[PDB]
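Shown next, in structure tokens, is the structure this report addresses.
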Ligand SMILES: *[C@@H]1O[C@H](CO)[C@@H](O[C@@H]2O[C@H](CO)[C@@H](O)[C@H](O)[C@H]2NC(C)=O)[C@H](O)[C@H]1NC(C)=O
Ligand SMILES: *[C@@H]1O[C@H](CO)[C@@H](O[C@@H]2O[C@H](CO)[C@@H](O)[C@H](O)[C@H]2NC(C)=O)[C@H](O)[C@H]1NC(C)=O
Ligand SMILES: *[C@@H]1O[C@H](CO)[C@@H](O[C@@H]2O[C@H](CO)[C@@H](O)[C@H](O)[C@H]2NC(C)=O)[C@H](O)[C@H]1NC(C)=O
Ligand SMILES: *[C@@H]1O[C@H](CO)[C@@H](O[C@@H]2O[C@H](CO)[C@@H](O)[C@H](O)[C@H]2NC(C)=O)[C@H](O)[C@H]1NC(C)=O
Ligand SMILES: *[C@@H]1O[C@H](CO)[C@@H](O)[C@H](O)[C@H]1NC(C)=O
Ligand SMILES: *[C@@H]1O[C@H](CO)[C@@H](O)[C@H](O)[C@H]1NC(C)=O
Ligand SMILES: *[C@@H]1O[C@H](CO)[C@@H](O)[C@H](O)[C@H]1NC(C)=O
Ligand SMILES: *[C@@H]1O[C@H](CO)[C@@H](O)[C@H](O)[C@H]1NC(C)=O
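Protein chains in written order, with the authors' numbering: chain B, 32 to 784; chain C, 33 to 784.
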């Protein structure tokens, strides 16, 4: 265990012992450097300023340590690093990491006079002009990295490293690879040349490497190859060539890499063509990644014989008009990508040979219509993508041979799919439509966003039993009914941004006992007129029903009503229903009925007439409904509405009325609310008022703007007012015709005696 | 997610890994890379001139909570989002801006569009901040400014008023102006380390009320004010390290009742501590005073604080101690006094402390421990006494601590011996004074680098729970099997000792399957006959209980070549000089070997006609018996059996030539005789019978034989040849005195 050195005046370095790693700051006044030391795992030495004074240090005692990470600290000129770091006697060090920024250091064997048994090594930002003799003294060195330094390597610097395993030459900006730079690397298994400026790779560039398994040229400036560039790498298995600017690959580049397993060739822009049988006869090959290139057409024999492929990516090219038999020899192919390829159409027999194929991509192409035989023998297909195409429709037998299709994506298309699109030849054998989704019982997720869908097919809730999502946004849905909601699984049936004018529901919900059945209904020109009441009563009332509509953004589309109103702040009383089917309603009157309250409105208040308009009987059933509400406020010349007898009116409003000389014939059977404003109250008689009875329903009368004579012949009116005080809206406002003042003060004067 | 479609009229490309999608602009060379998560992060770093991202194609990436910029230059006045508009990210909840390129004078215009930002961080780029620069955020929880020289106005932070974590690290602040923290009501950390604050005024923390965990880890603080911390009623932690001040004001922490953790270390100039500095701190839990320069302490330093569970006082310059320094701390758990200059411990130091689990006293200069030092420690678990000057241990040192588990006594002047504790009072002739019998559960004990004489039997008798032990660099005289009586998986260590010899019983065994490890490396272990049992134990065996590590073992003054290895050990090399002066001649002693089981003189010497007669050195206690003859390649006067040859179990001669041999001269009591370079081939009466097949290794050899021809000896030669199978006669036999009389010669041939 390493503990802090005993405090003394000989040394000014302050050791702060932490539970994990003992810390240091040797110049106590100004800690220009700190030495974070673990027990025996690592040593972290970093300098912050120009002065070094390594000789004026307490001579720490660490002993054996695995990793020695020195950062941004100077080295003595042409002296061993362990000699320049004598103030800590690190020994038996395996890994050495040297970050250095201020000054580049020319390297020779004299800098490594203490690291004969070094396993790992790393250099960064500070190494320039490595000498050929630098690595001679090393024994059993397995890794080497030259990280972020501008460098130029003469051929032969690595000849002394026989046992080297991983070599990293990233970011060095090498201009070119001399033939024979890797002479001594006989046991090399991996190599990296990413982020360099290698102009070209000659035939003899990779001489001396035979057991190499991985290669890496991720970012270079390679303008051309040679036909025998990779011929010397018989053991190659992984190859990464990205972001290179070359125009084409030479014929037969991989003629000898029979052990190839993965080939990542992506973003190699300006790669317009691929040579004939580039990847032929590679049994071990399993993953091919040719995305983001600029290829315009693939040769037919590109993959002839490579039966071991399981993943083939070809996205983001300019690849159109695929050859028919390109994928004939790949029976293990699992994932195929063809997106962003500008494909106008694919050959009918393109995918017949692949009996097994899990996931297929065809998105972002320019497909117009899929062939019926495209998916005949894909018995293992699971995920299908067809988004962002120019599809008009789909053949009726398109999914006959893919019964295991879990998820499908058809968004951003021009699919029509009318209700009668797949109507049978008048057979009528099956109630469900003949849409191709009928055989897809395994379907789970379906997307149809941004389409021209104009219905919800019956097979989407009858045959598909495990459906759990059905996106139908931005397509021309005409309406919604309760039948189409008869799903048998938790489904988030999205229906936003459709032309859903109206929706119909029944008061009883047959939903199975489960969590919920969401229906997103945000932006629709919903008609808040008749036939929508039960939906409104459902949404506004709080209940534990399965249906959970999301109508927070939903508004109405009725100019007569409050347009742009929300249901959460909508008066359900104001729902109205026009009587368009009937023609016996009085002319020049707003004819409608409200189903919630069970009322029918005549609304002849707009016009003024000489007689009471004929009020049609509620011949329309309206669920066996027998009450009428009439507004006749403007008409004040009828002189009698005596047709009210043998009628079922329940509301009456006469803001302006003729002289109130009415007979008991006018007295109605079922009138709840009555208004007699702006009339001659003097003409009315007690016998008519006596026959008024609240037994049928509650009675409320209006005495506003009414003039009634007060005298002995007009007696008992005050008693009737007192009895009907609740009926009278303002009994005090009722006044004698000549006096114009309330008769309450003169109630004692009412009695003649 | 999906990279931009078709990459048309764009010089920047997408990688689209399954975890995150990278970007570069490699049209000529990729200067900058942008990699994004689904919604978590966006990292943006550029490595060249800013003109390379003047008009990049817009990425239109979804808004992500965390944004990062590295070494990217931006314009003088336009906001950050406007400069990086091509990213098209708006919902930012974390911003980090590393900028090594060029300092920029921040104005309030830079952060428009981030009115919901948190975890704002400005590293290495800020040079100066104008007032109300942070105004407008309206909700900020964490801020950090680091690695950049600064000089701030008092009213810079007034606008925030919701900040909880503030960090001004390595900013090179010359000093703290009063009221510079005025507007930070809800602050809860400062992290003012690595600055250059010269001193703290009384009003240096005016605007802070909900503060906790004030940090001053590295500063050039020269002095403190009396009421520096008075303005902070709530203050949980306080870290004040690596400062050049010489003393603290009296009553510095008077008003901070909530003080829970005071870390005050590495103040090399802090010569003394004020009295009752820690007074009346009930909530205090851990206090750290290590690595200071304090030389003396006041009596009332910790008065009125019973909540202390940890107290570190190590690496200081303490020379004396107060008596009641820990009177008011009955809840203490650990006490560190290591690396100080303490020469003694007060007798009444720890009567009132009972929850102490571990007590550290290493690297001090203690002369001895008082008997009642540990009298009241009912929960002591670990004890350290390393690098001290302890002479001996009192007999009742561990009387009051039965819970003790580990003990460390390295690098001490300990001189424990067999009679260092034995007293005639109540003597039981065993377990002298019981120095360690009171510790039942003593697991680990280190006595490395001491002057202990002998192993106390108490370690191997009643310390059943012992798991390890180390007696290296100690003056142990020897080892015996009786010392190995442990009842657990003990790993005893005796490396580099003065053990002359080990006496191990041949029938040593242990019933349990638990293993015992013993190391004798660098021990003299002189190799004599008694070491034969140790040699056998070291020899490879199928299974054993005492696994010996003897790779670096050496033999003291060896009879054989010096620095002999155990790989070259042999049974014959086990022979040792006998201690019986009368029994063996003074010229050379009897071998009396045990493994070899042979007795022979080491040197031939002058020689005698008759070998001396001595009793068997083994005396029936060993298989050892005389089997060899010292005389070799010498003209012996005679070889008589009565000259102890009969007493010798066997006879072995080397290049000894006898002209005449007789049956009387041949030893009958000896099982067999072996001779070489004999001058006579005649067969004696004893030679007429073949020596015993078993228990008689010595025999006759055809080689190095001289034939003698005589008619009477022909029958004896015939009898010898009948038993002989190597050859009819000697290979180098050329004798024919007018006839054939050799053993190969037939009966018909005669000597004449
Ligand atoms: C030299 O570096 C390599 C890679 O950095 C180290 O490899 C380790 O390998 C083991 C094998 O499973 C992994 O678990 C570790 O995570 C790897 N380490 C690292 C840092 O990636 C190797 O250990 C290093 N050699 C020494 C002596 O430290
Ligand atoms: C819905 O899909 C239509 C497809 O027409 C999108 O409208 C654009 O149509 C033109 C046709 O010439 C395409 O070139 C464009 O790419 C389409 N726009 C986009 C953004 O892809 C329309 O934008 C889509 N609506 C969405 C996705 O909300
Ligand atoms: C801003 O930083 C804070 C502090 O790191 C984050 O909050 C969490 O803080 C705790 C502190 O104990 C950490 O252990 C967590 O890891 C932090 N959360 C995360 C997600 O890292 C906070 O999340 C940060 N803000 C954002 C938007 O990431
Ligand atoms: C064993 O302990 C002794 C002392 O207990 C060590 O000797 C001391 O070494 C230091 C090293 O600077 C000197 O300052 C002291 O004066 C020495 N004291 C004595 C009494 O010699 C010794 O180094 C330790 N190790 C060994 C292997 O003996
Ligand atoms: C390589 O390893 C082998 C065996 O591990 C060893 O014999 C040889 O000396 C090593 N060479 C170098 C240069 O380390
Ligand atoms: C819907 O999800 C809930 C969640 O617990 C589950 O209990 C219920 O069974 C699901 N619906 C069906 C039809 O399984
Ligand atoms: C219908 O009723 C409303 C209610 O206020 C009234 O304003 C309107 O004039 C009526 N219309 C007709 C034609 O009577
Ligand atoms: C702190 O946050 C609250 C919560 O939104 C806000 O109202 C207040 O204005 C913020 N304080 C400042 C100074 O912006």
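We treat Cβ as the ideally placed atom computed from N, Cα and C, and that holds for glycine.
Below 8 Å, is the gap between the Cβ of residue i and the nearest heavy atom of ligand 1?
{"i": "residue 98 (chain B)", "result": "yes"}
{"i": "residue 265 (chain C)", "result": "no"}
With 9 Å as the threshold, decide whether the Cβ of residue i is near any Cβ in chain C.
{"i": "residue 602 (chain B)", "result": "no"}
{"i": "residue 571 (chain B)", "result": "no"}
{"i": "residue 59 (chain B)", "result": "yes"}
Less than 8 Å between the CB of residue i and some heavy atom of ligand 6, yes or no?
{"i": "residue 520 (chain B)", "result": "yes"}
{"i": "residue 492 (chain B)", "result": "no"}
Mapping the DSSP letters down to three states, classify residue i as helix, strand or coil.
{"i": "residue 780 (chain B)", "result": "helix"}
{"i": "residue 120 (chain C)", "result": "coil"}
{"i": "residue 332 (chain B)", "result": "helix"}
{"i": "residue 739 (chain B)", "result": "strand"}
{"i": "residue 605 (chain C)", "result": "helix"}
{"i": "residue 525 (chain B)", "result": "strand"}
{"i": "residue 721 (chain B)", "result": "helix"}
{"i": "residue 714 (chain B)", "result": "helix"}
{"i": "residue 582 (chain B)", "result": "coil"}
Verify the CB distance criterion: does residue i have a CB-CB separation below 9 Å to chain B?
{"i": "residue 102 (chain C)", "result": "no"}
{"i": "residue 217 (chain C)", "result": "no"}
{"i": "residue 475 (chain C)", "result": "no"}
{"i": "residue 89 (chain C)", "result": "no"}
{"i": "residue 371 (chain C)", "result": "yes"}
Under 8 Å: does the beta carbon of residue i sit that close to some heavy atom of ligand 8?
{"i": "residue 151 (chain C)", "result": "no"}
{"i": "residue 92 (chain C)", "result": "no"}
Closer than 8 Å to a non-hydrogen atom of ligand 2 - does that hold for the CB of residue i?
{"i": "residue 443 (chain B)", "result": "yes"}
Residues of chain C with CB under 8 Å from residue i, in chain order?
{"i": "residue 45 (chain B)", "result": "274, 298, 300 and 323"}
Whose Cβ in chain B lies nearer than 9 Å to the Cβ of residue i?
{"i": "residue 347 (chain C)", "result": "35, 37, 38, 46 and 48"}
{"i": "residue 56 (chain C)", "result": "250, 274 and 298"}
{"i": "residue 111 (chain C)", "result": "Correct list: empty, because the minimum Cβ distance to chain B is about 32 Å."}
Is residue i close to ligand 3? I mean its beta-carbon at under 8 Å from any heavy atom of the ligand.
{"i": "residue 95 (chain C)", "result": "no"}
{"i": "residue 279 (chain B)", "result": "no"}
Given the structure, does residue i come close to ligand 4, in the sense that its CB is under 8 Å from one of the ligand's heavy atoms?
{"i": "residue 481 (chain C)", "result": "yes"}
Give me the chain C residues within the contact set of residue i, using Cβ-Cβ distance strictly less than 9 Å, ordered along the chain.
{"i": "residue 395 (chain B)", "result": "34, 37 and 38"}
{"i": "residue 62 (chain B)", "result": "226, 250 and 274"}
task = Would you be able to state if there are at least three C-beta pairs under 8 Å between the region 615-631 of chain B and the region 669-678 of chain B?
result = no
ask   = Counting pairs of Cβ atoms below 8 Å between the region 98-115 of chain B and the region 126-136 of chain B, do you hit three or more?
value = yes
ask   = Is the number of C-beta pairs between the region 451-465 of chain C and the region 406-421 of chain C that are closer than 8 Å three or more?
value = no
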